[PDB]
Protein chains: 2
Amino acid sequence: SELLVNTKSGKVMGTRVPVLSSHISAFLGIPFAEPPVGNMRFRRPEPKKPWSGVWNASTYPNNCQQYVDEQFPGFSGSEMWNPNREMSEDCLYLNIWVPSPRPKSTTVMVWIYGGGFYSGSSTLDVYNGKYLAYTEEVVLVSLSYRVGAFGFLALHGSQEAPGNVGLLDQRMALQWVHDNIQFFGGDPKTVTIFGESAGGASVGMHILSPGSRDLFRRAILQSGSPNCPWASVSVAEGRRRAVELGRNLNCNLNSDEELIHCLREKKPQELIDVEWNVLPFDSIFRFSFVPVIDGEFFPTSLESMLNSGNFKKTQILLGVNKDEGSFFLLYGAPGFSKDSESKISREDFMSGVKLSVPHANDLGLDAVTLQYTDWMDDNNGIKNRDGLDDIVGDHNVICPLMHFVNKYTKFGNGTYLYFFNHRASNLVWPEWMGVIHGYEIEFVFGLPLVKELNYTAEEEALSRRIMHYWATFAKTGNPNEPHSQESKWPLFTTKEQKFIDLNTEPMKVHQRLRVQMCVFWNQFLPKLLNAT
Amino acid sequence: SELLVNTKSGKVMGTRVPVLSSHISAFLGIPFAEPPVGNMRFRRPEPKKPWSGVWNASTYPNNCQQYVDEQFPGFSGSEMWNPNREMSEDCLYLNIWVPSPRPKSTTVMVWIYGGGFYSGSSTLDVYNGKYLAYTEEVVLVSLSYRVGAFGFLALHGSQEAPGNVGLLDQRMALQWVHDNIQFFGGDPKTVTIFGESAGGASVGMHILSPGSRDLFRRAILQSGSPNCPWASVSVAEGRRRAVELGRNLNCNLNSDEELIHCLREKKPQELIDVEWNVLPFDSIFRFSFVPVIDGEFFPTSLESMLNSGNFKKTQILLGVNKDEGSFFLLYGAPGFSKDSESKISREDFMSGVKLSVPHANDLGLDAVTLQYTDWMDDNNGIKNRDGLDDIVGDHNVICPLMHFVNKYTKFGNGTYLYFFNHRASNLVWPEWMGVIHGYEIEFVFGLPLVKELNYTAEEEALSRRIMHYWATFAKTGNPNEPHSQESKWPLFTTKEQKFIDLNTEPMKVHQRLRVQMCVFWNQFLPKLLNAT
Ligand SMILES: *[C@@H]1O[C@H](CO)[C@@H](O[C@@H]2O[C@H](CO)[C@@H](O)[C@H](O)[C@H]2NC(C)=O)[C@H](O)[C@H]1NC(C)=O
Ligand SMILES: *[C@@H]1O[C@H](CO)[C@@H](O[C@@H]2O[C@H](CO)[C@@H](O)[C@H](O)[C@H]2NC(C)=O)[C@H](O)[C@H]1NC(C)=O
Ligand SMILES: *[C@@H]1O[C@H](CO[C@@H]2O[C@@H](C)[C@@H](O)[C@@H](O)[C@@H]2O)[C@@H](O)[C@H](O)[C@H]1NC(C)=O
Ligand SMILES: *[C@@H]1O[C@H](CO[C@@H]2O[C@@H](C)[C@@H](O)[C@@H](O)[C@@H]2O)[C@@H](O)[C@H](O)[C@H]1NC(C)=O
Ligand SMILES: *[C@@H]1O[C@H](CO)[C@@H](O)[C@H](O)[C@H]1NC(C)=O
Ligand SMILES: *[C@@H]1O[C@H](CO)[C@@H](O)[C@H](O)[C@H]1NC(C)=O
Ligand SMILES: CCOCCOCCOCCO
Ligand SMILES: CCOCCOCCOCCO
Ligand SMILES: [Ca+2]
Ligand SMILES: [Ca+2]
Ligand SMILES: [Zn+2]
Ligand SMILES: [Zn+2]
């Protein structure tokens, strides 16, 4: 029967689950690597030893060890992103949704969760693959990978903690999908990877990494790209942070070997409790243990790779949300509140600017301030609030993605760019936060098709629209229906740089996404910081 | 009779001249200093030795030696600013218009012509004082002063070419008005000095200079202020330029004495023909021989004087025109033409930016470019043209004047600020040049009251309006009529920074004149240049 499947690594048994009046198969918690436990903590992943007997794939796996967000307890807006399973270093598992009856050889989509490389789970309600597998006839996979120090502690030159092992976890899952997804009705030649925030950066990083390029066909990046200022560190800075982690836990620092031994003997929670102390600056939108520019996973610097065309050349679909910064301001900048309009005083604006651009010298902070201050109205608290939102959004997400899309399009085989600006009717966050980082994911996964979630009819329509864009792009490399009366989503080209609004209104075409501010962030400010 | 007047220096005979259906007395060409000729070239002025007999004051005097503008020969737009008398080093004379019958003790206004401190004449048609003396019952004086190297060659430390002698020429005329204007029906206690461009900067410089403050009551500055980037140089830079002038003329440079002797033996025209070669940069809105920050005429730096309140505290009225830059672009920047719309290419925009901010390093040029480029539309030739106009206008006139007005208002006794934006119906320059530097002067002097000049009725109305503002301010320190139904021109205050439009439409009140761009020019760019 469908629910019993054999794989090169063992037999797997899944469950028939309901979805929207019908049913499909789910294979939850399939292992793709050895448990990275004990002396394998921080090591590259090794492949899952094949198993005798049937592997029960009926329930979601454990989540990886991570910092848990408790700033707003008992509030669904935050807790929807927390782990909803027990946390464990034994966490390298993947989930597969397969339509019923099983397809012969159909399109595969692999989801890479975000969470700043320090958090995330494949098991979140919002990542439930069944609505997408069902409505669009695709084999939907969600993988997992180690986060925080467990996935990204980087002592470049050591073999026991080399960095990027979290990215290697993702590759090994991609490898396992590669060798085994046929058995589930999946076409290994038509794998689309997609992911949001750190998951979107991860996708770009597999586009760049030679060791990953053969494992998928095309890619979707949502509010994330590999060159984001928070998504990687130098080898030197990763070493600095790893040593500082040990220093925080009273470790022998005389040598990599002693440092790593100490860190391997600490309980997971003792590492998590000091994770944030290794950051060089007071900041927002900065995370301690992230990918490292090592010379192996990334042969050279990201910019040099992007300039020379040293990356997988294929089709990409990608975009951003309208209010990317507001989440991080609420959590980390003075004057913001979940319980008020968060009018920001001039004094708090200045504090926010420094937290948002922590690497900038004072001349750089003045440049940011002048670029974003309305000097006809410098005490308007709402303009200051919105200005910080744009600063955080532009610097951390939108302008790096625009730099990636312009560099990629010179060599790629087709680009589609969106600007998601629909605020869900049922959003639990306050209105000033707008179209929040992460809140397009629920439309991509079909959650508005469920009536118990009380979205509006227009919102269900937009979800079906988005899902059909995403799925058609995965199958054909083009999100547009082949010969439709519906408005086409135009290719983004070097010359005209078109993109679409994704919202409930009829699709509109625009050009040069926030081009003025991204010249500031991508050309001028870096030039000013290199000189001063 | 009126036309015969005695003065502490000699007797003076004037002419009865017609003006608008009536008549007034004119006293043209009264000398206030010894001819600064021969060995007195470059020396401070000495007062005019009193004379026996009647001085014929019937005709305009000679004009000072100056560079003559011949870039558009036989074109009234340019030739209206050229000397209209014979040029001579014997040029320190003043003119007086006195109403008929002679007033007992009425308000005096003294005009200081502009021309970049390298040109100008009291005798230009457009400076004809009769329409203002007549229509507003004031004793109108126009003075003169040495320009170019003759007025501003600066070898700080020498007594034979110390710098600022052109400004000393102006003071001595102010002194002569001070001791002698009673005899013409003038109240020496109620002298308003006023002036445009370099004349406006000159006014501010007498406001600042201790040796000048007692010689007038209040002041009007038109499109000029003492801190303009072109209106002064350091002692070191003035010395550099003086030596380079000698170098251009093959002089002994071993010593100030030898250098000055050589320069004193050259014909005026040999100095004029190399005047522009001493500029350190290819540039526009930069002039070779200007006031020097010497420690005597100016006790300390202008900024330190402005910060500490070390200046004459009284009432000031001042303002700018809408399109200050276009004159200098037409003459000196690539792509501009008197015979076309002057759409400016990206390549020519970049050249223009460097000519306009010649002291800026490359990072500074990028900052200017980014501040003034519309990156949604960077190839729009009209936007580039208008952007250069704003760059030249903001950097050279408007933002320095806004810095002066904000600094002055902290200590002064009342400020009135205008924004002149009427384009005369009969302007001979092309339309893209807009409201040109210098073209409010004809309204201040009443030229639209003459019907042979074919201004419109509204333009005559605006001229009478402006003349009554200027004259009432000179008499009372306030341009508003004491108890009128007419809209008041509000005081400019530190807190609300109000100003008015001066045009044919009903007066409008605005606040914070070009505040966004002047933060760039007055705070950020100087900070960037000091760091890099
Ligand atoms: C993506 O690559 C394909 C294949 O190289 C491109 O298609 C070819 O385009 C050339 C030039 O237009 C034609 O001469 C060939 O006949 C095409 N081949 C096929 C199989 O279609 C395609 O244009 C590329 N698309 C983008 C957006 O770069
Ligand atoms: C200009 O100076 C005058 C004189 O110092 C100011 O007038 C005085 O203002 C104070 C405070 O308002 C009053 O107590 C006096 O009675 C005023 N004296 C006279 C003679 O009027 C005047 O306010 C100043 N104006 C500005 C704009 O600074
Ligand atoms: C497969 O698993 C089903 C549900 O399993 C549950 O999770 C595991 C980890 C245990 O905690 C167990 O007690 C739970 O019920 C079972 O209902 C099902 O019978 C299992 N299938 C087989 C063949 O054992
Ligand atoms: C005063 O001057 C009047 C006009 O003078 C003219 O200018 C001078 C410089 C000479 O060039 C002269 O030839 C011109 O006529 C005379 O018309 C008038 O008579 C003069 N008055 C006296 C008392 O001499
Ligand atoms: C709306 O959805 C919530 C769960 O998100 C559910 O509890 C509620 O009952 C729904 N609305 C109504 C009217 O029932
Ligand atoms: C307009 O003024 C000019 C001089 O500026 C004059 O020559 C002309 O005759 C005037 N207009 C008419 C219609 O005469
Ligand atoms: C000191 C701990 O700081 C935690 C900062 O959290 C950053 C992420 O905030 C947004 C979470 O969805
Ligand atoms: C090399 C000579 O350059 C002359 C520049 O003239 C600058 C002033 O132009 C505007 C004249 O009204
Ligand atoms: Ca926003
Ligand atoms: Ca203009
Ligand atoms: Zn041990
Ligand atoms: Zn000699």
Side-chain angles (χ1 to χ4, degrees), chain A residues 3-4 11-17 26-31 53-62 66-72 75-83 85-86 88 90 93 113-121 124 126 147-148 196-198 223 230 272-279 281-288 290 320-333 336 338 342 344 355-356 358 372 382-398 419-421 423 428-439 441 514 517:
Chain A
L3 293 183
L4 205 68
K11 315 157 104 293
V12 152
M13 168 92 79
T15 302
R16 183 177 175 80
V17 308
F27 301 76
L28 307 189
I30 306 172
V54 164
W55 188 280
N56 198 337
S58 47
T59 69
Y60 271 141
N62 297 319
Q66 56 194 268
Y67 169 90
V68 181
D69 165 23
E70 272 156 299
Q71 211 164 301
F72 302 103
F75 181 68
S76 60
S78 53
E79 300 196 321
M80 85 171 271
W81 307 102
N82 294 327
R85 289 293 181 281
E86 266 285 298
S88 178
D90 181 351
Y93 302 79
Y113 57 70
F117 296 107
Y118 72 88
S119 62
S121 295
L124 305 184
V126 73
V147 296
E196 186 268 356
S197 188
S223 309
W230 47 268
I272 289 163
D273 285 348
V274 303
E275 173 181 327
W276 300 92
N277 304 359
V278 306
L279 289 183
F281 308 115
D282 301 314
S283 59
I284 60 181
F285 224 134
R286 289 297 184 273
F287 321 113
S288 298
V290 298
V320 303
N321 296 356
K322 174 173 184 278
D323 307 285
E324 294 281 10
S326 55
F327 215 164
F328 307 81
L329 289 166
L330 167 57
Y331 276 65
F336 294 83
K338 181 171 86 65
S342 312
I344 302 295
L355 295 169
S356 313
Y372 281 88
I382 278 175
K383 289 190 165 160
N384 292 347
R385 186 243 277 147
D386 289 348
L388 280 178
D389 179 35
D390 284 324
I391 283 160
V392 180
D394 291 343
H395 167 61
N396 286 297
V397 174
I398 304 182
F419 184 77
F420 183 85
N421 64 352
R423 193 191 151 94
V428 294
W429 296 98
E431 302 284 320
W432 68 261
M433 296 184 70
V435 187
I436 296 165
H437 184 72
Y439 278 82
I441 302 180
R514 293 188 64 77
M517 289 306 91

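Chain naming here is simple, since letters A, B, ... match the order of the sequence lines and numbering starts at 1 in each. Remember, it's 1-based here, ligands and their atoms both numbered in the order they're listed.
- A:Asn62 and A:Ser88 get closest at one heavy-atom pair: ND2-CB, 3.6 Å.
- Contacts between A:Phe287 and ligand 7, counted as non-hydrogen atom pairs separated by less than 4.0 Å, are absent for every part of the residue.
- Scanning for salt bridge (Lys or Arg N to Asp or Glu O under 4.0 Å) contacts around A:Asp323 gives an empty result, with sequence neighbours left out.
- Qualifying ring pair (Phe, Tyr, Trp, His ring centres under 6.0 Å) partners for A:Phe328, counting only residues two or more places apart in sequence or in other chains: A:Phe285, A:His437.
- Each of A:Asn56, A:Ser58 has a non-hydrogen atom positioned under 4.0 Å from some atom of ligand 3.
- Side-chain atoms of A:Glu196 come within 3.5 Å of backbone N or O of A:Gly438 as a donor-acceptor pair.
- Summarising the geometry of A:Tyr118 relative to A:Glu275, their closest heavy-atom pair is CB-OE2, 3.2 Å, with the distance given to 0.1 Å.
- To the nearest 0.5 angstrom, A:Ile441 atom CD1 is 8.5 Å from A:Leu124 atom CG.
- Here the shortest heavy-atom pairing between A:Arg16 and A:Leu3 reads N-CD1, 3.3 Å.
- At distances below 3.5 Å, at least one donor-acceptor pair connects side-chain atoms of A:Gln71 with backbone N or O atoms of A:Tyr331.
- Taking a cut-off of under 4.0 Å to the non-hydrogen atoms of A:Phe327, the atoms of ligand 7 that pass are 12 (O).
- With hydrogens and angles ignored, the 3.5 Å screen pairs no side-chain donor or acceptor of A:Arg423 with any backbone N or O of A:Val435.
- Taking both residues in full, the closest heavy atoms of A:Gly29 and A:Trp55 are given as O-NE1, 3.2 Å, listed atom of the first, atom of the second, then distance.
- Excluding water, every protein N/O/S atom under 3.0 Å from the Ca ion (ligand 9) is given here by residue and atom: A:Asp323 OD1, A:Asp389 OD2.
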